[PDB]
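Peer 1:
Residue numbers (the entry's author numbering), protein chains in the order written: chain A, 2547 to 2588; chain B, 31 to 416, 476 to 492, 535 to 552, 599 to 613, 683 to 727, 796 to 845, 875 to 908, 912 to 943, 984 to 1106, 1147 to 1204, 1266 to 1447.
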């Protein structure tokens, strides 16, 4: 369901790493959702 | 004025000398009877009590050296050297000399936890009981653990410092250890007591000189496979290594990796392993030893981290037997001293024999010599005054030049020359140390400097020789063999290949009062009192603690001795660098702790680009310290250095990102312990500075599908679940959810802990230590899902403007600053027009604020509700400008800002739905979607809409 990992290691010294993680999880979740819709039609 | 910050009674018989260990936050207090008490640096609890004596009747002195991280305990006969073993110092066998015969009774000091795995192995798995002396060893182990079990319940820090001692003959101990390791071989499971018993047999091997075989480092000599379970033997195998200049084939990483040098005719760089015997030759400079060991033998138990017979370098260097300065052992040590060269230590006897040891590596003799009283330099000084001549050594110091050939280190000895004309003449002696315009041999006198005439007239002797911090000056302390002594300041000469001294002293101070006679002196670093050659703190004979400036010898402060419940005179003083206070001991055994002692706001100024650049300089972070002191529950272990070698190789291990990885401490849980809840991690920082955030990394169990409710908290160390209830005012960051810091992969996860209370907590520079408590809210139970935990502590970046802290407090505190931040971001600024770069600056500062009171997660949270309210007031405009007019980088930063606001909207009690109003703003802004400039802003617009459309679907249904 997840096709992307490995955030940049300059992000964890920043505070907003959780926000960029939730953005990446957001994109992967919606990609999985649209692909699951296209599969679940058949 | 120096204030008395509390007092406790340490000993009834009195105290003699003090020493401090900053890496463990412990004060070593020596009593008048020769016992050393280990006292915690902030709580003051007595962690360990031990009596140390190589022979009965000797006085004990102790000293810690920071650069080699070693503590040296000196009594009347032996010196030795010992260092840290997983958080503790082994004291009871620190002054133990090797024995001569096999039937001699030897002492073995063993820490509590691996004694417990030894007990569990000997009871539940292993039958030895046909071996002689087994029952007395079992009785000693039981009695030691039962005596410690009362001490462990009082405090965790007292519990981790305790040690089991055995008193058995050497043959009984080696037979029991050999039977245990043979039984652990034939039972053949990975039991943790096998490295312990291998270490016990290794220590018994070092405890007898004739039990050690000669090193077989030569062509044609077979090396025994029994001796290579120790890492030190693997280190001394590489003395004839032909690839010294190789980057990764250095002797230390591959002696660490289990490899040894046994050269043959088929290869000079031939290296096999100790436990799997894979044979590797033809080393190239790019071969990492751990990677090649895993490549050529992946089935090796040492590569897989299983319990082998491997005795590491840490235990061997932490269990070094004591060495007498002379062979006979009936000689008393006159004086000892370690100066500006931290790797060398010298001691002197009463007749003039000086032995110099090197304490960087394992404790060994570097140089031995005897001072001749008829040296022609001394005879020249005797002649210049115009026959039985005797000379006694009173002080010692080893000098190194501060950083074509580099000049050699040198030894300085304080001598008291006696002659009949009976007259006493104090002289200073300069000697050469290092092995090789005639080059002087080691142990030869280089310069004999005569003290000025008042020392001969008042019959004085040299009491203390200590180099200054700059490496240019030196102070000499004089006392009577009635004037109270002298303080003489000298200058070193660096004009030639040997460090010499100028004949005329720079400054001389007379101690006229005999009550002001110097008993102890310490030199402070210049960086403490910068809020000049340095500062000097001296305890007097009358009990006064005086603070002196080193440049002019003027009394800056004076502390009177306390009154007995007659005055209780201060004896010795030490400076605790972790807590920035002075520990001073009395003759009554009491320890007294002494402490040395309108603005333009950038948020109020108009926001141009320079002000915003300054603001984001306040927001910026960096790594904090090389290592913070931290101790563990016994179920958690400190990681080996080998895992860090897997993270970063050896040349990257130092002064590189390996330093960035050893700011992190990797801690692994074992499954044998009964409790998997209420695990408390105390985090003692070496120096206080403002903390932006701390890290919390962890690895989940792979088998479990869903994560149960587990809390992580961060606490202050005010006094060193009901544990959270007693410290509910002591929390900085609130109890956060573990699944919130989970990564997109369920196995790994990174929690960042910070709060507004954390960034506003460092008011007086008082928060020296931190606490982490983890709790699972209620087979795998508690923290047993977490195989691993890792903590990284980071600070703010230092900025050039004055008064950073009050501007940070106004940054977190002002609602109006947040309102003008988002108002200049709305581009509805009454003055000027905001550039897009200035907008990105505003997003960086604003989202730093939002992250701070997002990760705070407290109860009241006026800042969180406040910033969420004014972002709901202007949400359509921020969506419009960032996702339509700006570039995709600023749109990306706004996407992270809004996603973090979605994150903190659930902790905030949130009566209007933040996702609903964000959906309303985006559905207001759909009609401008063809008019957008860049495609990435459209993409992040649609990404935010993708999440927030799940609340009201009909809006995007109609509008989309």
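Heads up, the beta-carbon is just placed ideally off N, CA and C, and yes, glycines get one too.
#1: Would you mind working out which of B:38, B:1000, B:1037 sits nearest residue 72 (chain B), comparing C-alpha positions?
#2: So, for residue 487 (chain B): in the same chain, excluding its five sequence neighbours on each side, which residues have a beta-carbon less than 8 Å away from its beta-carbon?
#3: Following the continuous beta strand (DSSP E) through residue 156 (chain B), name the residue where it begins and the one where it ends.
#4: Near residue 1392 (chain B), which residues of its chain fall below 6 Å by C-beta distance, leaving aside the five closest residues on each side in sequence?
#5: Listed in chain order, which residues of the stretch 2563-2585 of chain A have Cβ atoms closer than 9 Å to some Cβ of chain B?
#6: Show which residues of chain A have a CB atom less than 8 Å away from the CB atom of residue 1430 (chain B).
#7: When you compare the CB positions of residue 1008 (chain B) and residue 1084 (chain B), do they come within less than 8 Å of one another, or not?
#8: Between which two residues does the beta strand (DSSP E) harbouring residue 554 (chain B) extend?
#9: What are the boundary residues of the alpha helix (DSSP H) that residue 1188 (chain B) is part of?
#10: If you compare alpha carbons, which of B:108, B:320, B:214, B:835 is closest to residue 47 (chain B)?
#11: Rounded to a whole number of angstroms, what is the C-alpha to C-alpha distance between residue 277 (chain B) and residue 1035 (chain B)?
#12: Please list the partners that residue 2549 (chain A) has in chain B, where partner means a Cβ-to-Cβ separation under 9 Å.
#13: Count the other CB atoms, across all protein chains shown, that sit within 10 Å of the CB of residue 248 (chain B); report buried if there are 16 or more and exposed otherwise.
#14: With a threshold of 16 other CB atoms inside 10 Å of the CB of residue 806 (chain B), please say whether the residue is buried or exposed.
#15: Residues in the same chain with beta-carbon distance under 7 Å from residue 258 (chain B), minus the five sequence neighbours each way, listed in chain order, please.
#16: Closest Cβ-Cβ distance between residue 1281 (chain B) and chain A: below 8 Å?
#17: I need the boundaries of the alpha helix (DSSP H) containing residue 1411 (chain B), first residue and last residue.
#18: Would you tell me roughly how many angstroms separate the C-alpha atoms of residue 920 (chain B) and residue 103 (chain B), rounded to the nearest one?
#19: Smallest Cα separation from residue 824 (chain B): which of B:706, B:126, B:1065?
#20: Please identify the residue among B:894, B:689, B:937, B:701 whose C-alpha is closest to the C-alpha of residue 718 (chain B).
#21: Assign residue 1155 (chain B) to one of two classes, buried (16 or more other C-beta atoms within 10 Å of its C-beta) or exposed (fewer than that).
#22: With three or more C-beta pairs closer than 8 Å as the rule, is the stretch 1049-1059 of chain B touching the stretch 1270-1289 of chain B?
#23: State the start and end residues of the unbroken alpha helix (DSSP H) segment that holds residue 320 (chain B).
#24: On the premise that residue 1280 (chain B) lies in contact with residue 1014 (chain B), defined as a C-beta separation below 8 Å, what is that separation, rounded to the nearest angstrom?
#25: Is the separation between the beta-carbon of residue 721 (chain B) and that of residue 1332 (chain B) shorter than 8 Å?
#26: Just verifying my parser: in three-state terms, what is the DSSP assignment at residue 2577 (chain A)?
#27: How should residue 1081 (chain B) be labelled, buried or exposed, when 16 other C-beta atoms within 10 angstroms of its C-beta is the threshold for buried?
#28: Quick one, are the C-beta atoms of residue 75 (chain B) and residue 177 (chain B) less than 8 Å apart?
#29: If we ignore side chains and look at the alpha-carbon of each, how far apart do residue 347 (chain B) and residue 138 (chain B) end up?
#30: With a threshold of 8 Å between beta carbons, is residue 1334 (chain B) in contact with chain A?
#31: Taking a contact to mean a Cβ-Cβ separation below 8 Å, would you say residue 798 (chain B) touches residue 827 (chain B) in this structure?
#32: Can you list, in chain order, the residues of its chain whose CB lies under 8 Å from that of residue 161 (chain B), leaving out five sequence neighbours each side?
#33: Thinking residue 1159 (chain B) and residue 1342 (chain B) are a contact (beta carbons under 8 Å), I'd like their distance in whole angstroms, please.
#34: For my contact list, residue 105 (chain B) and residue 83 (chain B) are in at a C-beta cut-off of 8 Å; report their separation, rounded to the angstrom.
#35: Any beta carbon of chain A sitting closer than 8 Å to that of residue 1434 (chain B)?
#36: How should residue 404 (chain B) be labelled, buried or exposed, when 16 other C-beta atoms within 10 angstroms of its C-beta is the threshold for buried?
Peer 2: For this structure:
#1: Taking the first residue of the second chain as position 1, residue 72 (chain B) is located at position 42. The option with the nearest alpha carbon to residue 72 (chain B) is B:38.
#2: Here residue 487 (chain B) refers to the residue found at position 398 of the second chain. The answer, listed in chain order, is 367, 368, 369, 370, 371, 374, 375, 376, 386, 540, 541, 542, 543, 610.
#3: Here residue 156 (chain B) corresponds to residue number 126 of the second chain, with the count starting at 1. That residue, residue 156 (chain B), is in no beta strand (DSSP E); it is neither H nor E in DSSP.
#4: Taking the first residue of the second chain as position 1, residue 1392 (chain B) is located at position 905. 1401, listed in sequence order.
#5: 2563, 2564, 2565, 2566, 2567, 2568, 2569, 2570, 2571, 2572, 2573, 2574, 2575, 2576, 2579
#6: Here residue 1430 (chain B) is taken as the residue at index 943 of the second chain, counted from 1. Going along chain A in sequence order, the residues near residue 1430 (chain B) (Cβ under 8 Å) are 2569, 2572, 2573, 2576.
#7: The sequence position of residue 1008 (chain B) within the second chain is 622, counting from 1. The sequence position of residue 1084 (chain B) within the second chain is 698, counting from 1. For residue 1008 (chain B) and residue 1084 (chain B), no; Cβs fall outside 8 Å.
#8: The structure shown gives no position for residue 554 (chain B): in chain B, residue numbering passes from 552 to 599 with nothing in between.
#9: As a working mapping, residue 1188 (chain B) is identified with position 762 in the second chain. Segment: none, residue 1188 (chain B) is in no alpha helix (DSSP H) and carries neither H nor E.
#10: Locating residue 47 (chain B) in the second chain gives position 17, where the first residue counts as 1. Checked all of B:108, B:320, B:214, B:835; the closest Cα to residue 47 (chain B) is B:835.
#11: Taking the first residue of the second chain as position 1, residue 277 (chain B) is located at position 247. Taking the first residue of the second chain as position 1, residue 1035 (chain B) is located at position 649. Answer to the nearest angstrom: the Cα atoms are 10 Å apart.
#12: As a position in the first chain, residue 2549 (chain A) is number 3, starting the count at 1. Going along chain B, no residue has its Cβ under 9 Å from residue 2549 (chain A), so there is no contact; the nearest lies around 11 Å.
#13: The residue you call residue 248 (chain B) lines up with position 218 of the second chain. Exposed, by the Cβ-count rule.
#14: Position 492 of the second chain, counted from the first residue, corresponds to residue 806 (chain B). Classification of residue 806 (chain B): buried, given that the 10 Å Cβ count is 16 or more.
#15: Locating residue 258 (chain B) in the second chain gives position 228, counting from the first residue. So the qualifying residues of the chain are 264, 290, 304.
#16: In the second chain, residue 1281 (chain B) corresponds to position 794, counting from 1. It does: the Cβ of residue 1281 (chain B) has a partner Cβ on chain A nearer than 8 Å.
#17: Residue mapping note: residue 1411 (chain B) aligns to position 924 of the second chain, counting from 1. It spans 1401-1411 - the alpha helix (DSSP H) in which residue 1411 (chain B) sits, taken as one unbroken run.
#18: One-based indexing of the second chain puts residue 920 (chain B) at position 574. One-based indexing of the second chain puts residue 103 (chain B) at position 73. If you take the alpha carbons of residue 920 (chain B) and residue 103 (chain B), they lie about 16 Å apart.
#19: Your numbering for residue 824 (chain B) matches position 510 in the second chain. Scanning B:706, B:126, B:1065 for the CA closest to the CA of residue 824 (chain B) turns up B:706.
#20: The residue given as residue 718 (chain B) occupies position 472 in the second chain. That would be B:894, whose Cα lies nearest to the Cα of residue 718 (chain B).
#21: By 1-based counting over the second chain, the position of residue 1155 (chain B) is 729. Looking at its Cβ environment, which holds fewer than 16 other Cβ atoms inside 10 Å, residue 1155 (chain B) is exposed.
#22: yes
#23: By 1-based counting over the second chain, the position of residue 320 (chain B) is 290. Here the alpha helix (DSSP H) through residue 320 (chain B) covers 319-326.
#24: Counting from 1 along the second chain, the entry for residue 1014 (chain B) is found at position 628. Counting from 1 along the second chain, the entry for residue 1280 (chain B) is found at position 793. Indeed they touch by this definition, with Cβ atoms about 6 Å apart.
#25: Sequence index remark: in the second chain, residue 721 (chain B) carries index 475 (1-based). Sequence index remark: in the second chain, residue 1332 (chain B) carries index 845 (1-based). For residue 721 (chain B) and residue 1332 (chain B), no; Cβs fall outside 8 Å.
#26: Here the question's residue 2577 (chain A) lines up with position 31 in the first chain. Residue 2577 (chain A): helix per DSSP, three-state reduction.
#27: For this step, residue 1081 (chain B) is matched to residue 695 along the second chain. It counts as buried.
#28: As a first step, residue 75 (chain B) is located in the second chain; it is residue number 45 there, counting from the start. As a first step, residue 177 (chain B) is located in the second chain; it is residue number 147 there, counting from the start. Contact check for residue 75 (chain B) against residue 177 (chain B) fails: the beta carbons are separated by 8 Å or more.
#29: As a position in the second chain, residue 347 (chain B) is number 317, starting the count at 1. As a position in the second chain, residue 138 (chain B) is number 108, starting the count at 1. Approximately 15 Å between the Cα atoms of the pair.
#30: Working through the second chain from its first residue, we reach residue 1334 (chain B) at position 847. Chain A contact via Cβ: present.
#31: As a first step, residue 798 (chain B) must be located in the second chain, where it is residue number 484. As a first step, residue 827 (chain B) must be located in the second chain, where it is residue number 513. Yes.
#32: As a position in the second chain, residue 161 (chain B) is number 131, starting the count at 1. 205, 206, 209.
#33: Counting from 1 along the second chain, the entry for residue 1159 (chain B) is found at position 733. Counting from 1 along the second chain, the entry for residue 1342 (chain B) is found at position 855. Contact flag correct, Cβ pair sits at about 7 Å.
#34: Taking the second chain and counting its residues from 1, the one referred to as residue 105 (chain B) is at position 75. Taking the second chain and counting its residues from 1, the one referred to as residue 83 (chain B) is at position 53. 6 Å between Cβ atoms; contact.
#35: If you number the second chain from 1, residue 1434 (chain B) lands on position 947. Yes, because at least one Cβ of chain A sits closer than 8 Å to the Cβ of residue 1434 (chain B).
#36: Here residue 404 (chain B) is taken as the residue at index 374 of the second chain, counted from 1. Residue 404 (chain B) should be labelled exposed.
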